[PDB]
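Engineer: show me the folded form of this:
(8 chains, ligands or ions: 4)
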Amino acid sequence: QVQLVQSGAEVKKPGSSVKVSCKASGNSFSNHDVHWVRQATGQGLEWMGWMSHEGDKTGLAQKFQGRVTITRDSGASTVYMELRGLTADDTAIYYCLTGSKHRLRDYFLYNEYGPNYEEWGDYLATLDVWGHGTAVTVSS
Amino acid sequence: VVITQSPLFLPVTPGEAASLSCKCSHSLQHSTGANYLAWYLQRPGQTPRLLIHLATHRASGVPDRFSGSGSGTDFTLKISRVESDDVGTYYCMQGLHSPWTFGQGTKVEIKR
Amino acid sequence: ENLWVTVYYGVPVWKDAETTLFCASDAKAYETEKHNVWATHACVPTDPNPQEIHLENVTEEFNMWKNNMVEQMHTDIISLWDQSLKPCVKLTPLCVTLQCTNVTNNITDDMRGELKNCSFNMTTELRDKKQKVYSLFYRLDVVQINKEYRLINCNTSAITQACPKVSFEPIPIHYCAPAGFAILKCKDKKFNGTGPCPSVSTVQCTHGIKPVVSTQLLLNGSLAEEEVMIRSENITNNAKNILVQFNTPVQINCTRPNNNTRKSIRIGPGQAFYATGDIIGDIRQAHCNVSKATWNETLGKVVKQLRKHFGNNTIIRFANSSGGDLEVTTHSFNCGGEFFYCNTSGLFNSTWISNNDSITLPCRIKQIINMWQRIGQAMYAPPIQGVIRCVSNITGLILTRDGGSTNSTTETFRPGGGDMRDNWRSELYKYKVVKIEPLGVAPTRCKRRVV
Amino acid sequence: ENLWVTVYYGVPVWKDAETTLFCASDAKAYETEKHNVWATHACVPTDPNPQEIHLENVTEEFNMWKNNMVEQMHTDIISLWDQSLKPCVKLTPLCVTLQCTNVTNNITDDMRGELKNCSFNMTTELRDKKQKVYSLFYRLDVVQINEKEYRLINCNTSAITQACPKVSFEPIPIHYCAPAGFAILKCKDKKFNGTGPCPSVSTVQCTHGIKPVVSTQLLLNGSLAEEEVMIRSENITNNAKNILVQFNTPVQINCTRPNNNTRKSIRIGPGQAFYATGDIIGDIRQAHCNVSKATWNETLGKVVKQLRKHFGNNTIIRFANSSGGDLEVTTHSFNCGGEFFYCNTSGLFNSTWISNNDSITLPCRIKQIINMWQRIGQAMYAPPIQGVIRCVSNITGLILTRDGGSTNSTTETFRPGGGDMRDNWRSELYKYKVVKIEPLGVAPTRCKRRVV
Amino acid sequence: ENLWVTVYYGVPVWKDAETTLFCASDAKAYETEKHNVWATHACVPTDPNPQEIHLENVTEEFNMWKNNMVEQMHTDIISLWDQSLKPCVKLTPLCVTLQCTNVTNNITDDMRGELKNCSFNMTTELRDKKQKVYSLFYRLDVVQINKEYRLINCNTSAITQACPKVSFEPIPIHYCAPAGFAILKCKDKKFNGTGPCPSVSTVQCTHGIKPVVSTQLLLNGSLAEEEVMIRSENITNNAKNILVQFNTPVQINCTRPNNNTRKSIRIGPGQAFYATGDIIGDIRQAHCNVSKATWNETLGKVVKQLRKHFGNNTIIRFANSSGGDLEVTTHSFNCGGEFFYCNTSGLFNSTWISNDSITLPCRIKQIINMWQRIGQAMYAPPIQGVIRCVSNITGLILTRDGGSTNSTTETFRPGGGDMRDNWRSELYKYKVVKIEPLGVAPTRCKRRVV
Amino acid sequence: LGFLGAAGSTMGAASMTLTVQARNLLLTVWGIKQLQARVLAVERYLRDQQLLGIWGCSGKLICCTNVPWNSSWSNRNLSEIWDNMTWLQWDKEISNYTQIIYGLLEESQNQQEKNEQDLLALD
Amino acid sequence: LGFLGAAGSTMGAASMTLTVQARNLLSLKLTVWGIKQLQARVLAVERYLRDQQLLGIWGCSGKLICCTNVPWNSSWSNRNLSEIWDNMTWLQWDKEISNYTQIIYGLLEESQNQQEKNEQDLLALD
Amino acid sequence: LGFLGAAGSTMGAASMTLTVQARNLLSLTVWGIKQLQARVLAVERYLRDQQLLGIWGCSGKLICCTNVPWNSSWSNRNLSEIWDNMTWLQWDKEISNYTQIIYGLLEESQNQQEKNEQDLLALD
Ligand SMILES: *[C@@H]1O[C@H](CO)[C@@H](O[C@@H]2O[C@H](CO)[C@@H](O)[C@H](O)[C@H]2NC(C)=O)[C@H](O)[C@H]1NC(C)=O
Ligand SMILES: *[C@@H]1O[C@H](CO)[C@@H](O)[C@H](O)[C@H]1NC(C)=O
Ligand SMILES: *[C@@H]1O[C@H](CO)[C@@H](O)[C@H](O)[C@H]1NC(C)=O
Ligand SMILES: *[C@@H]1O[C@H](CO)[C@@H](O)[C@H](O)[C@H]1NC(C)=O
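Structural biologist: Numbers count the residues shown, from 1 in each chain, chains lettered A, B, ... in the order given. Ligands and ions are numbered 1, 2, ... in the order given. Right below this line is the structure:
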């Protein structure tokens, strides 16, 4: 199994920015899709963000637009999340995990004298081994 | 697209077959006929685990007691001879249309 | 004393033969503007002075349906068509699907379902980007996929179109013989489909010819000299189409009441696409116009001529077309740069016996053209803005005689002859090409002088 | 005696030159059925009986390998092949990766590892729809992508097209005539060598029919040697030159495909129909060819007797297997039935000759995609043909290569080779040359022009 | 006693007409290599003795600005260029967007931002696979869509390049009149473009002429005989270009100071594509040097010739052009297989009143729309190494500004983007006629009565 | 005086229009056919001029050869031939013996008179 | 002598280089140069053929000089025969007689050729 | 009677088939291009021959005996032993090099001078 490392628990003031880290042994980020999932004690599960194993496609939950960003180091050995505009209600547990997807073509124009027009559709296959996670709490 | 799970929780008599239901607003069938649904059970105190993927076959290492069915919008997950190590929370995922979502969840618990 | 044969050169001789012909245009008057398909915008013009020379004391045998100038001109017209279409762009990509909804509001209650609003998710002129276009389509041009629809001709050869400045209207085209060949024509007022011509004449080159395309009624042809004329290879045989020509013009009017607009569409670099834009005003069906009393008198003369070769007491009937493909069911012409389809049964609903002032015809428009009987070619006409209005003459009819009609009574005819070779024979029925042998011999009192 | 040189016009004259050949066919007999590539859409019909004229007192040099009609008609047939394939359909979208498995059903043990069934991602006629297409393929046309998925051989190279199945590839006997002011000479020698004068000379205005047969080692259904087996080459000493052979008596060649092949039709785009091999009915049996053995050594005995004239009459003559190289000269090829065949002539020449029950078989290979000619800038795919094919064909010559390094004029061995079809056309047309006739002439005589 | 008109044959007659001429190259010198674009593979070799005779007491009227062989020639260059281009490959797949970066390798500060790293996903030998390969481009041939660029001419006619083995070097072309026609030339060295020529002579084939490709100054052809001379249809209308022909050459060097590297890619079967590779060494702007003394003294000669048709003691000025399309804006020419674009502004900063070298920058572009046509275009193949060019300047095409007052202070700017001037500057000696060998005249002929 | 005027006249009076008849003897698909037709006319005219030169009557519209012809081909007197029958109908009546006529004119007269001319030029 | 040597000569000296003038009276492969050469050869052969067929029509064929009998109207020119012959070149001579050419041709055929054909037909009537 | 039958005959015997040889002297596809080229080459060569005939005044005649004498250094055979036993192209290989001199002499020395004499005769 691939070992996953996340940053430690942090206490932060409301209305500020928070940075977190993640790491996978063997640089499995190249082969496994990056994801970032929050969960609060006593409530359901919500996915925040994801980054393809090639690092070519990213997406954010529409509730988190303008407050989060996607970053990784050279060689994608690590990944770093910046979280902005956090209040006391954003206090929850933040998880780093890998996953699997489907890269399949949707539409295509075969071109006789050039490359075909092509659009691809990324569809999740499964979510792979999770990290131990990180707990972030917001207080004065 | 919206998805529903039912029931929210259900008492269970050990050793008796039971079923769970997940519904969504649109058909899960792909233009190629593929279905994109995977059921996950989460033990309290640890992370969820895949039970059946894509509405056809159980995951590797899953005991035969699990069984899934349904097509299009409605789908069901039936477990035969439910026992004490089946108490937990069950989720149906979404894999056909972005964004990928999960059902509201069903809780299996031994009747008391 | 015994006669010897001597040599003559330059003597007149005509022989049956065949040779390729040339362009000859009306002084290239069209050169002031561009572009016409039939003249290539340029060929060799002609002087306005060809001199018809009557051939007194001369009779000549002619024959239609076997003279080949008609077929050579047919293949020349096909070559002109696909040559004028070769330099302009194709329309390969549009064989995509189509999501469609019916055209609503500001509509006539009778057009409901004729026009369809369909959209595309096609790419851009730039190969990595996708866009969305919409266009207006006739119902006849599209077929459902299984609402969604698909273009009717994408399971057959591809369709090509671009390049709209080119015109389709006719120009008078002449044909002058090659050196050593001449043209002969028959002078009589009335002439069968075959037989000797008591008085004949020869010309250097033919008069103006229109390559106009007609399906069921002859258009813009030269008028008959004295009376309605009937021709065919053999009247008895019922596999042969009958010829009809009119001594007096019958005028038709056709117009498209809808004010139409055209959009510019880009799919590939250096490739301009034009589709019909949103129609301004209320939708009204296009129609044509023909007088009532005139049509009565023409059909009366037609049945009177038909009485000649059949029993004078036979009952003549005309009727609704027999069905099949639209190219022979309906009447079609391209006037105004647009193809019109409509249904002459309203004009052939009649029956004659021994011894307000107009009629309307509901008429259709098709944007996809499988011209002639080819399966390997196709073309999509360019939408023309404004309202088109057509004036024209009708001079001939082409009919078929049904089977049965036992015991020599109750003869019926139905429209037919959907091969435009009949149109071109109905024009060229006057001209024949002959072979000149300047060589020859003859006896004489002359013997060659010694040394 | 003051003679004056005086003009004469119309005198026969021979002078070697080159002009463009004129096509010719006997009354366009090919029109009886359509369609043939070699007969093309049209050629000029000809009189069935051209007037042969044997010339008394006349001898003339005839030199092979210096002729230019040969390469002119070489260009003519390459152009005809290109023109025939021109209106047909390109096949590039067919060389995406292929998922294949070994065919083991109703197959003979020696036939394993030859027929393959593959599937791949190829779209439909419609723009946006894809279809799964499977067909039976041969290993000789497919290569592995990695060290499994597979790909055919020729998408390194120039694009691939399909032969239109509506026109046949069968050869047609072709006549040739000279342009105006020219004639074609026929050597009447029965034992004529390759170079030098021809003591009996005749002329024609048009030549006989020649089948445009394509073969690599064996002259197939051509002309016979009139008296005795014939050997020709530019220079016997130079081993780099090929060895022509012409047989006095022919023995037939029988070649069939015993397997009942089936065909399917696939759509690519608007007006694009593709043909591929379906499942085969019956036990898969390898293609073979049988020829009598007794006739075979009798003919080699004649060949060796002729050979010993040009060497020591007491050396040892042996034949062998092709030295190697590409398959087109390594094996024998022929088109019988409209499809190509690749047969092993290795055991054909297994014999040795010293001083002083009846038929043998040859296993054969089948190829669909063909690099026709030696060309590398074009490629084609042969359409599959259903049923069971059969070919009956004579043998009319051999084409040989002589080993180097021989010493003391003993122990000579030979091998087939030289896939240059120019050699085939030499071995066909080598009885004819093109010559220009000059009607002009000015010679002395006693005529003085009449005074003005 | 009365005369009788009688027919004569072989009569030399001249009369204005027009047909199509005969291609003629000097003894098929180009057959040694395959092959020049213009000479192709085949034409008639020239006569080794182009015999010339002076006409005995004959004068002829010549009308240049009315010749039609010039337009025939123009159409012929068009046909030859299209014929050369036709059996080559199409570059439509390159119209995909290119991402571009500003990379320099020891560049000069005046060269910054002209050469870009651009790359695209391209195609492979298989339609299934894609691969990213970079290339270097000039700033001229791209454009920002709104950095990422696209080829400047993808919103117009397609771009086509292949067949690098053709040679761009011009060769002189002779031209021979067909049977029954003749070519007439004027010997007078001071002759106008029009007007009668007192000293006329005839030739079978006009002298060889290079298809020189230039826009602002005439290059590397014939010289004026005894002084510089100037010609124009009418010295009044400003819409007409002003021809200038020099009697003494002006030597020119132009060079690109860097070797070039070329890499080849396979966009498809039989579709090998050549692109500009990385250039090593310091990046220096290409330019031209030319002696100053010859320039100003030849300009003095030109002013001396120009003052003839004005009332003298009139100020003469030349100046920087007014701008417009780049083809007429800059001096363009091809040498070493590469097209040039040069700013001749610094050559004319001087005025004229009564009574050792100069440098100038240039530019390089690879997508060229040939002549004024927009329906055709070509990509130039990179030429490996340092380009070294030597040439003579034999003339200049000029334009006169309108306005001013009192017929004084005349100003001039270069112009004339129509290469018809380039061809006529030498075609203006020659003219074609028809010969009718038949003729009649009175005489004492009475045919013997038989 | 127009072209083919003699068609209405007898074959006797057709002799006055021979020069008028001879006067008019002389990448787009239309251009292709134009080239083909022009050349075809050229080879036609050269064929006829070849035949005329072979008979030695070239350059003259009329030639008086010394060869008599079998009247079995047309047993009619020249008065009714010229004054009644058109030239076309004469050709129709004489259509089939043409090649025999060509052969006998080419051989029985021309080469023999050429050989005798050579013999006379010897003296 | 060189071609077109008679352009500088009078109508006197022009009569000796007529043969020199007449000497040059007529003299993938998809290249445009080859197409042009084919077209030019066709044009040249056509013009030549037209020339000699016209000469044959006039009946002075095979002659570089012919001696006809046609009359004419004296208003066409203005000089004596000797001054015509000596003081002028064929070029401006044609320029002088450049409008009467069609009338002259029409006369040359219709007034001489066909009438002498009629006369030789009358001769052949014997 | 067949084409080119005089090859097996001497010069004297070849004198009866001249017209037989002369009869067939001139009598989008690259194929059609080739026939166009063949036709134009044939006609241009035929017109070469005919313009030579016109220059020499021997046009329309198969034999044309001239007034041109020849220097005897070229051949060492006499008329009977030439004509009666030997072949036209053995003769032609003997003579094949002096053809340009025959061209120039037979043209200039006689044809133009004779034309001048015709003009002088017609002068009076
Ligand atoms: C648009 O008009 C078409 C007719 O032109 C309607 O097509 C009908 O569809 C129903 C349901 O499929 C069929 O049962 C009918 O037979 C169709 N009519 C015809 C004439 O084919 C279509 O329903 C209309 N759509 C809307 C939204 O009004
Ligand atoms: C052919 O030529 C070769 C070599 O010149 C000679 O050995 C041989 O005998 C010749 N054969 C004949 C039949 O002339
Ligand atoms: C064929 O060759 C000879 C016939 O002369 C015969 O002796 C020999 O055995 C045969 N070949 C073999 C391989 O047996
Ligand atoms: C060998 O003997 C044969 C007789 O069969 C003879 O023809 C040939 O010339 C001889 N060759 C040598 C080299 O002795």
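Engineer: report the contact partners of residue 40.
Structural biologist: Because you didn't say which chain, this covers chain A. Residues near residue A:40 by CB atoms under 8 Å, 6 or more residues apart in numbering or on different chains: A:91-93. The C-beta positions use only the backbone N, C-alpha and C, and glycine is treated the same way.
Engineer: think we crossed wires, I meant chain F
Structural biologist: Neighbour list for residue F:40: C:19, C:178 [criterion: CB under 8 Å, 6+ apart].
Engineer: just to revisit the earlier point, which among the contacts of residue A:40 end up buried?
Structural biologist: Neighbour-count burial (16 or more other CB atoms under 10 Å in any protein chain shown) applied to these gives A:91-92.
Engineer: pull out the buried residues from the helix or strand containing residue F:113.
Structural biologist: Using DSSP states H and E, the element containing residue F:113 is helix F:112-122. Of the residues in helix F:112-122, those with enough neighbours to count as buried (16+ other CB under 10 Å) are F:114, F:121.
Engineer: next SSE after the helix or strand hosting residue C:433?
Structural biologist: Assigned by DSSP H and E, residue C:433 belongs to strand C:431-435. Next helix or strand after strand C:431-435 toward the C-terminus (DSSP H and E): strand C:439-444.
Engineer: next, the angle from that next one to helix G:114-124.
Structural biologist: Using axes from the mean of the first three to the mean of the last three CA atoms, to 10 degrees, one finds that strand C:439-444 and helix G:114-124 are set 40 degrees apart in direction.
Engineer: chain neighbours aside, what residue packs nearest to residue C:57?
Structural biologist: Ranked by CB to CB, 6 or more residues apart in numbering or on different chains and with sequence neighbours excluded, the top spatial neighbour of residue C:57 is residue F:8, at 4.9 Å.
Engineer: doesn't residue C:56 make contact with the one you found?
Structural biologist: Yes. Residue F:8 is in contact with residue C:56 according to CB atoms under 8 Å; the separation is 4.4 Å.
Engineer: stretch C:142-159: which residues count as buried?
Structural biologist: Taking 16+ other CB under 10 Å as the basis for neighbour counts, the residues of stretch C:142-159 that come out buried are C:142, C:149-154, C:157-159.
Engineer: secondary structure and distance to residue C:266 added to these, as a markdown table?
Structural biologist: What follows is these, written out as a markdown table (DSSP: H, G, I helix; E, B strand; the rest coil; distance: CB to CB, whole Å):
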| residue | secondary structure | distance to residue C:266 |
| --- | --- | --- |
| C:142 | strand | 22 |
| C:149 | strand | 23 |
| C:150 | strand | 22 |
| C:151 | strand | 19 |
| C:152 | coil | 24 |
| C:153 | coil | 22 |
| C:154 | coil | 21 |
| C:157 | coil | 24 |
| C:158 | coil | 19 |
| C:159 | coil | 18 |
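Engineer: re the thing from before, list the strands paired with the strand holding residue C:433, with their directions.
Structural biologist: Strands flanking strand C:431-435 in the sheet, each with its direction: strand C:15-16 (antiparallel), strand C:181-186 (antiparallel) (DSSP bridges).
Engineer: nearest to ligand 2, out of those?
Structural biologist: Relative to ligand 2, the nearest member of those by CB to the nearest ligand atom is strand C:15-16, separated by 55.1 Å.
Engineer: whichever helix or strand comes after the closest one packs against which elements?
Structural biologist: Once strand C:15-16 ends, the next helix or strand along the chain (criterion: DSSP H and E) is strand C:24-25. Strand C:24-25 makes packing contacts with strand C:173-174 when contacts are defined by 3 or more CB pairs under 8 Å, 6 or more residues apart in numbering or on different chains; DSSP states H and E.
Engineer: check whether the strand it packs on comes near chain F.
Structural biologist: No. Contact of strand C:173-174 with chain F (CB under 8 Å from any CB of the partner chain) is absent, the minimum separation being 11.2 Å.
Engineer: can you list contacts of that strand?
Structural biologist: Taking CB under 8 Å, 6+ apart as the criterion, the residues outside strand C:173-174 that touch it are C:23-26, C:38-39, C:46, C:205-211.
Engineer: and the host helix or strand of residue F:39, what's buried?
Structural biologist: Secondary structure assignment for residue F:39, by DSSP H and E: helix F:29-55. For helix F:29-55, a neighbour-count test (16+ other CB under 10 Å) marks F:30, F:33-34, F:37, F:39-46, F:48, F:50-55 as buried.
Engineer: please apply the same query to stretch C:76-96.
Structural biologist: Neighbour-count burial for stretch C:76-96, with 16+ other CB under 10 Å as criterion, is recorded at C:76-77, C:80-81, C:84-85, C:88, C:91-96.
Engineer: end-to-end on stretch C:208-226?
Structural biologist: According to CA to CA, to the nearest Å, stretch C:208-226 extends 21 Å from its N-terminal end residue to its C-terminal end residue.
Engineer: what sits up against stretch F:112-123?
Structural biologist: D:446-447, D:450, H:15-16, H:62-63, H:65.
Engineer: how many neighbouring residues does residue 94 have?
Structural biologist: Assuming you mean chain A. As a burial measure, the neighbour count of residue A:94 was computed by other CB atoms under 10 Å in any protein chain shown and equals 24.
Engineer: please refer instead to chain F.
Structural biologist: Applying other CB under 10 Å, we find 17 residues neighbouring residue F:94.
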